[PDB]
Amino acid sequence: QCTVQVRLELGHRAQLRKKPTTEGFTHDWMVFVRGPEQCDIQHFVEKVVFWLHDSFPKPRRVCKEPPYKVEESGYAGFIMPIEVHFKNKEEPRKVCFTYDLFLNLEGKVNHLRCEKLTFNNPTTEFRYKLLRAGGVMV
C-alpha cells in the first residue's frame, strides 16, 4: 500500500502577430507539457501526443523526448486533446487531458494548468521511474 504523486504542468503561450503571415495566420502559439522546477518527467513519460485541430497538417503531433511541445501559427483557438503516455507496464498506461488552447484576439496569453497525478501501488519498476522524476510518496 504505497501512493506516489507526480505533478505535470500543461500550458500554452499565444501572441497576436504584429502583421499576419502571407497565409492569414493571425497568431503564434506554443503548447507544452513539463514538470515543475528540478523534476524530470522524462523518467516516467514515454511520449506526449498533442491532437491539433483537424485543419492542421499531421494534427497527431508526438514528442518522445523533451521538450514536449508544439510551436504553431493559426487563426483560432480550439480544444486540444493531450495524451501523456507512461513508461508503465500496467494501468494507467496514459492520461488524457482536454486542453483549452484559447487565443487573445487583442494580445498575449500565457497560461499554466497544474495536474497532480496519484499512482496507487505502482509496480516496483514504475515506482522507481516516478521517484527518480521527483515524485513523492504519500
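A residue's number is simply how far along the shown sequence it sits, counting from 1.
When the C-alpha temperature factors are averaged for each of 22 to 30 and 64 to 72, which stretch ends up with the higher value in the entry?
In the deposited entry, the stretch with the higher C-alpha B-factor mean is 22 to 30.
Could you say whether, by C-alpha temperature factor, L105 belongs to the lowest, middle or highest third of its chain?
Highest third, going by the recorded CA B-factors of the chain.
Modelled-residue ranking by C-alpha temperature factor, third containing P59:
Highest third of the chain for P59's C-alpha B-factor.
With respect to C-alpha B-factor, does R17 fall in the lowest, middle or highest third of the chain as deposited?
Highest third, going by the recorded CA B-factors of the chain.
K87, C-alpha B-factor rank within chain (lowest, middle or highest third):
Middle third of the chain for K87's C-alpha B-factor.
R113: which third of its chain by C-alpha temperature factor?
According to the entry, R113 has a C-alpha B-factor in the chain's lowest third.
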